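Throughout, a chain's letter reflects where its sequence line sits, starting with A, and its residues are numbered from 1. Computed from heavy atoms alone, side chains included, the values below leave out hydrogens, waters and symmetry copies.
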Amino acid sequence: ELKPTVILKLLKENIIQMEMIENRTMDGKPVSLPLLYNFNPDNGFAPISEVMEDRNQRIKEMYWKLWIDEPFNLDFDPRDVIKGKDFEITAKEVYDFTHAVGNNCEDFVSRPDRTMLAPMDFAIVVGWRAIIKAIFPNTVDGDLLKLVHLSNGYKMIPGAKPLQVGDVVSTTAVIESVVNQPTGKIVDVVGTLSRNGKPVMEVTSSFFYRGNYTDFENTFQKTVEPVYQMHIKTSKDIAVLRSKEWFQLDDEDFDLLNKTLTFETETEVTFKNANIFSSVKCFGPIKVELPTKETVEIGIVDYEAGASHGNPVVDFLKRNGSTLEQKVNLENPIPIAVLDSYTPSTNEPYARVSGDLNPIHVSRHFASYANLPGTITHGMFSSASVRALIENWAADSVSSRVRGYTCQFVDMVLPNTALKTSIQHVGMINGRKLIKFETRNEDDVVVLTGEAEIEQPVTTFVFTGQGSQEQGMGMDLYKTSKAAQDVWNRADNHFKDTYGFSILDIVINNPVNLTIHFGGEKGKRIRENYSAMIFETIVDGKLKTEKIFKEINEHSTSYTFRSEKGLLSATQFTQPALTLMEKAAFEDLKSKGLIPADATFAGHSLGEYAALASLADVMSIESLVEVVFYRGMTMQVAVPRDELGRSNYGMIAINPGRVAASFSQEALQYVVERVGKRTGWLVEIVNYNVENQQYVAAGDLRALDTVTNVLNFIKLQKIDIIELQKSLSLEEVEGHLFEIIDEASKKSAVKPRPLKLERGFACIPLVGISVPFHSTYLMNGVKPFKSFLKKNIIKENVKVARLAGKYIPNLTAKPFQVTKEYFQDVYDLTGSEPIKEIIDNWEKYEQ
Amino acid sequence: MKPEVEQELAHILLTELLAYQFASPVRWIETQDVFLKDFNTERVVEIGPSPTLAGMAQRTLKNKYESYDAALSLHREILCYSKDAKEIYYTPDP
Ligand SMILES: CC(C)(COP(=O)(O)OP(=O)(O)OC[C@H]1O[C@@H](n2cnc3c(N)ncnc32)[C@H](O)[C@@H]1OP(=O)(O)O)[C@@H](O)C(=O)NCCC(=O)NCCS
């Protein structure tokens with residue numbers, strides 16, 4: 001329909017009023033903007049002058065009636081927090097919003113037996129009335145017809161789930177910065193949405209008032225500085241740092257030597273003029289890297305000047321230290337897509353759902369008066385439009401995977417424009433893909449650049465145990481990766497200084513024998529360390545300390561380690577070697593940004609230690625290699641060796657599906673239980689690996705050869721145990737099996753003590769395995785090994801957040817949870833006094 | 001429950017889990033079930049020198065999760081560090 005948009009008349013004798021009208025408003029009542037012009041007929045060339053007194057207030061009055069629901073009042077401090085009314089997210093608001101911006105993701109549609117999510121662009125819908133209220137104050141004086149939206153950003157808060165239909169969301173906004181630049185005034189606003197008291201996401205809008213502003217008394221700027229690292233090598237570097245009045249440790253006598261320091265500093269600055277600050281502050285914690293790589297607060301930066309030309313704190317850290325960068329670029333960008341989108345014919349539908357009733361997007365006259373090329377598309381529309389493409393093509397239509405999104409508005413888009421977005425995967429950041437984009441119009445002009453932070457797909461890391469190890473493993477990565485270098489070296493230094501061998505030497509060269517020499521002052525210390533290694537058992541409520549290496553006394557000059565084929569295959573060196581290459585791989589991943597913040601993880605046997613060391617940083621590198629060395633030594637003493645260092649123990653992988661389809665895993669458990677009782681030797685099932693395809697039986701190398709022969713016999717004769725034990729006889733099959741076992745036990749006992757094990761039909765012997773891992777043979781080793789773990793897993797390094805529902809122990813294949821129900825489950829497998837005591841006293845611990 | 005008491009209980013449970021793991025069978029059937037079915041994992045990355053656990057996952061998928069992967073229309077990648085490093089580091093060949 002046809003409505004009055006501009007009314008021009010004389011108000012007084014010499015004052016022309018051009019009332020501009022907006023007829024698209026919050027409540028339907030049209031809003032007037034009276035522009036006033038003096039008419040001076042003495043000056044014929046230019047008889048009309050604009051009334052410039054309170055002109056920016058008149059414009060703010062109009063926009064306040066369009067945007068803000070409140071009573072008009074521009075006396076509030078920009079420094080103060082702005083609080084927005086609570087917004088309930090309804091299905092109708094999400095439907096209306098998604099159809100406006102063209103977001104066809106299934107996550108935002110109502111489905112049966114499913115809950116409707118709200119898009120994260122819907123954050124501006126909730127936040128607009130708070131965020132925009134920050135450019136209105138008297139002290140942020142600016143022509144609001146000349147207001148550019150420079151950039152907009154969302155950042156999901158870590159842990160926080162995305163917005164759902166039915167959530168009540170509280171906004172608060174605050175001005176981060178407001179600075180006079182030569183070309184006009186910038187205003188950085190930082191919204192924070194909040195559901196049920198916890199904060200959910202952060203909206204960061206920046207606006208730009210074009211003009212000339214000299215009111216520097218009202219400008220200020222908060223900046224979060226990039227984290228800075230300093231390696232303290234010399235007592236010179238300590239002395240320079242103690243010089244600086246702003247460097248303030250909590251304890252003045254703290255030993256900074258060889259420590260790594262991080263400086264997490266915020267700068268606050270007021271201005272006096274264009275380049276001289278009237279006040280600087282640079283405050284923030286100083287943290288020290290511990291051996292677990294966990295940073296802990298040991299002091300503060302606390303610089304505070306008046307009239308300065310610079311922040312000296314930052315300039316110090318820029319030179320002396322090094323910028324820690326969360327974003328790691330990939331080697332080469334990976335193109336994702338190059339997608340077409342269209343801007344809509346009209347800007348009313350977006351204006352209705354967003355609440356952004358800026359007349360420049362809908363009224364021709366206002367857009368003409370503002371010198372714009374026409375009724376320009378909303379910047380926020382183009383944002384939400386492209387965010388819908390990124391979400392479809394980078395996130396594969398899973399809205400929950402978009403955790404960040406920032407777009408710079410470069411240029412103004414007209415309605416019915418064709419836009420071409422290129423989308424690249426350009427980097428990583430804390431296990432989130434870092435996707436750049438650029439949207440160009442028909443004239444191939446850049447209109448909208450930005451970046452998104454897309455979560456990777458649900459990832460689990462698994463860490464291999466023993467059997468895998470091979471000469472030269474991890475060494476390619478050792479030559480290239482700075483993070484692998486730091487792992488291997490830290491461990492190799494700790495072995496050299498303590499046990500007088502290099503773990504690196506053993507992995508590169510795999511020597512058959514290794515002799516440790518106890519000459520000199522250095523070798524006396526090393527020999528003490530090989531005698532200080534003890535089993536702290538508890539027998540009749542009394543500590544009995546036994547010695548590992550009982551053939552190392554006060555009078556020993558050497559000690560020799562002996563293997564048959566190589567010392568990399570000797571558990572006490574395998575375990576540290578194989579834990580280190582895993583920990584170094586993983587540290588290379590973590591340096592390259594590739595480790596999700598909520599990745600699950602699990603280790604097969606030994607891997608558990610590398611997994612806990614990698615993902616949960618429970619032990620340092622030095623504590624870890626100590627623990628697995630001791631663990632490998634605790635296993636080598638329980639097994640009698642000969643002169644070459646070969647035992648009468650090993651492991652067979654058994655495929656029950658290769659022997660016979662009918663022959664189940666309970667048939668294999670039955671046979672092995674029988675062969676362990678008839679012969680009277682040791683054999684159990686230890687690794688349940690792949691269901692009815694790969695079980696692993698550890699035990700007495702003869703008993704293994706009888707099992708291999710029994711199952712090689714049962715295949716060829718084609719005689720099932722499960723059909724015969726039920727449908728034919730009761731315990732006759734037991735006595736019929738005992739003579740099959742005896743046939744194999746008479747052929748295996750005649751062979752010499754260190755018999756080579758042969759590849760059966762349903763049984764393959766594992767290479768480089770001489771210990772019965774995970775058997776009941778090693779039960780006597782638990783008591784001392786447990787007491788050793790308590791000394792070396794410090795309770796202060798057990799972050800529960802990093803294990804809880806993420807780590808799956810081998811013992812109890814259920815995600816780690818600190819609950820009575822979980823402790824009970826752990827007690828029902830391994831009857832331990834300390835676990836029982838925790839279960840029974842659960843209530844006292846609960847409060 | 002206070003953080004500092006959760007920390008102490010976690011430390012005790014973690015020490016007891018490692019301690020007994022030494023000399024108790026490895027339930028890797030059940031562990032696979034958890035990370036493959038309960039968490040619907042789409043990237044199993046094996047850290048290690050040989051693809052032995054990546055072997056075991058691929059065989060445990062092909063055996064008892066062929067019909068469940070097709071139904072829920074999910075694509076599992078089973079990547080070993082020592083083979084599939086180009087897929088782990090996002091450095092594909094031009
Ligand atoms: C046993 C193991 C070597 C098999 O892995 P792999 O070398 O990839 O073997 P594959 O399944 O590809 O089979 C290779 C061949 O070996 C033989 N084989 C494999 N498993 C066998 C079994 N259980 N019984 C008999 N022969 C077997 C077959 O001849 C097979 O030929 P195919 O290709 O026709 O099937 C490996 O899974 C392993 O080392 N597992 C043990 C891990 C472990 O327990 N570590 C911790 C120790 S506490």
Nearest non-hydrogen partners of [X] and [Y], listed with the distance:
| X | Y | value |
| --- | --- | --- |
| A:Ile334 | B:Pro92 | CD1-CD, 3.8 Å |
| A:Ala130 | A:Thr171 | CB-CG2, 3.7 Å |
| A:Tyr369 | A:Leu145 | CD2-CG, 4.3 Å |
| A:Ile360 | A:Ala370 | CG2-CB, 4.3 Å |
| A:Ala395 | A:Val402 | CB-CG2, 4.1 Å |
| A:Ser399 | A:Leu117 | OG-CD1, 3.6 Å |

(request) Determine whether the side chains of A:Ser382 and A:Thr377 contain a donor N or O and an acceptor N or O closer than 3.5 Å. (result) no

(request) Assess the side chains of A:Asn358 and A:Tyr63: does a donor N or O sit below 3.5 Å from an acceptor N or O? (result) yes

For residues 98-105 of chain A, which side-chain donor-acceptor pairs fall under 3.5 Å, sequence neighbours excluded?
| from | atom 1 | to | atom 2 | distance (Å) |
| --- | --- | --- | --- | --- |
| A:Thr98 | OG1 | A:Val94 | O | 3.0 |
| A:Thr98 | OG1 | A:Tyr95 | O | 3.0 |
| A:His99 | ND1 | A:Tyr95 | O | 3.2 |
| A:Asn103 | ND2 | A:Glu391 | OE1 | 3.1 |

Partner residues of [X] under the salt bridge (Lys or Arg N to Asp or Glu O under 4.0 Å) criterion, sequence neighbours left out:
| X | answer |
| --- | --- |
| A:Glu325 | none |
| A:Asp80 | none |
| A:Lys65 | none |

(message) For a 4.5 angstrom cut-off between non-hydrogen side-chain atoms, does A:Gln408 reach A:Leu150?
(response) no

(message) In the structure I gave you, are the side-chain heavy atoms of A:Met380 and A:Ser354 within less than 4.5 Å of one another anywhere?
(response) no

[X] (side chain) donor-acceptor with [Y] (main chain) under 3.5 angstrom:
| X | Y | result |
| --- | --- | --- |
| A:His149 | A:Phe207 | no |
| A:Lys60 | A:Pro137 | yes |
| A:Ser400 | A:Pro162 | no |
| A:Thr219 | A:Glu217 | no |
| A:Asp54 | A:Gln57 | no |
| A:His365 | A:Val6 | no |
| A:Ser385 | A:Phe381 | no |

(message) More than 12 heavy atoms of other residues, nucleotides or ligands under 6.0 Å from CG of A:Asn212: yes or no?
(response) no

Would you mind listing every side-chain hydrogen bond (donor to acceptor under 3.5 Å, both in side chains) that reaches into [range], with sequence neighbours excluded?
| range | result |
| --- | --- |
| residues 411-421 of chain A | A:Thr421-A:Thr439 |
| residues 189-201 of chain A | A:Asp167-A:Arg195 |
| residues 175-184 of chain A | A:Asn180-A:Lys185, A:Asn180-A:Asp215 |

(message) Measuring centre to centre across the rings, with the benzene-like ring taken for any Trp, is A:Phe409 within less than 6.0 Å of A:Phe208?
(response) no

(request) Would you confirm whether the ring centroid of A:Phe277 sits within less than 6.0 angstrom of the ring centroid of A:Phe271? (result) yes

(message) Pair A:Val398, A:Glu455 - check side chain to side chain contact (heavy atoms under 4.5 Å, CB included), show working.
(response) CA-CA 10 Å; A:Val398 192; A:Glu455 203 58 52; over 6 Å; no

(message) Once side-chain contact (heavy atoms from CB on, under 4.5 Å) is applied, do any residues pair with A:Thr265, and if so which ones, sequence neighbours excluded?
(response) A:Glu225, A:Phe263, A:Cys282, A:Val301

Ionic contact status for [Y] with [X], cut-off 4.0 Å:
| X | Y | result |
| --- | --- | --- |
| A:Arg58 | A:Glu50 | no |
| A:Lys436 | A:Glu438 | no |
| A:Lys281 | A:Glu268 | no |
| A:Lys327 | A:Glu451 | yes |

Got a list of side-chain donor-acceptor pairs under 3.5 Å for residues 81-90 of chain A, not counting sequence neighbours?
| from | atom 1 | to | atom 2 | distance (Å) |
| --- | --- | --- | --- | --- |
| A:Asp86 | OD1 | A:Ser170 | OG | 3.0 |
| A:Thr90 | OG1 | A:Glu93 | OE1 | 2.8 |

(request) Report the C-alpha distance between A:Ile131 and A:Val203 in whole Å, list the side-chain angles of each, state the deciding distance to 0.1 Å, and finish with yes or no for side chain to side chain contact (heavy atoms under 4.5 Å, CB included). (result) CA-CA 8 Å; A:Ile131 296 168; A:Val203 194; 3.6 Å; yes

(message) Under the criterion side chain to side chain contact (heavy atoms under 4.5 Å, CB included), I'd like the reasoning laid out for A:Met428 against A:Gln456: C-alpha separation, chi angles, the key distance, then a yes or no.
(response) CA-CA 10 Å; A:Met428 306 291 306; A:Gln456 299 179 78; 3.6 Å; yes

Name each donor-acceptor pair under 3.5 Å that joins a side chain in residues 17-37 of chain A to protein atoms two or more places apart or in another chain, with its distance.
| from | atom 1 | to | atom 2 | distance (Å) |
| --- | --- | --- | --- | --- |
| A:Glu22 | OE1 | A:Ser363 | OG | 2.5 |
| A:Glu22 | OE2 | A:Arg24 | N | 3.3 |
| A:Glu22 | OE2 | A:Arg24 | NH1 | 3.0 |
| A:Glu22 | OE2 | A:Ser363 | OG | 3.4 |
| A:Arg24 | NE | A:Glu348 | OE2 | 3.4 |
| A:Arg24 | NH1 | A:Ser363 | OG | 3.1 |
| A:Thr25 | OG1 | A:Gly28 | N | 3.1 |
| A:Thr25 | OG1 | A:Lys29 | O | 3.0 |

(request) Sort out for me which residue in A:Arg403, A:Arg432, A:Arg401, A:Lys433 forms a salt bridge (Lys or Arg N to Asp or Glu O under 4.0 Å) with A:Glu453. (result) A:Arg432

(message) So, using ring-ring contact (aromatic ring centres under 6.0 Å, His included) as the criterion, who are the partners of A:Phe72 when residues are at least two apart?
(response) A:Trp64

(message) Could you work out, with ring-ring contact (aromatic ring centres under 6.0 Å, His included) as the rule, every residue matching A:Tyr209, not counting sequence neighbours?
(response) none

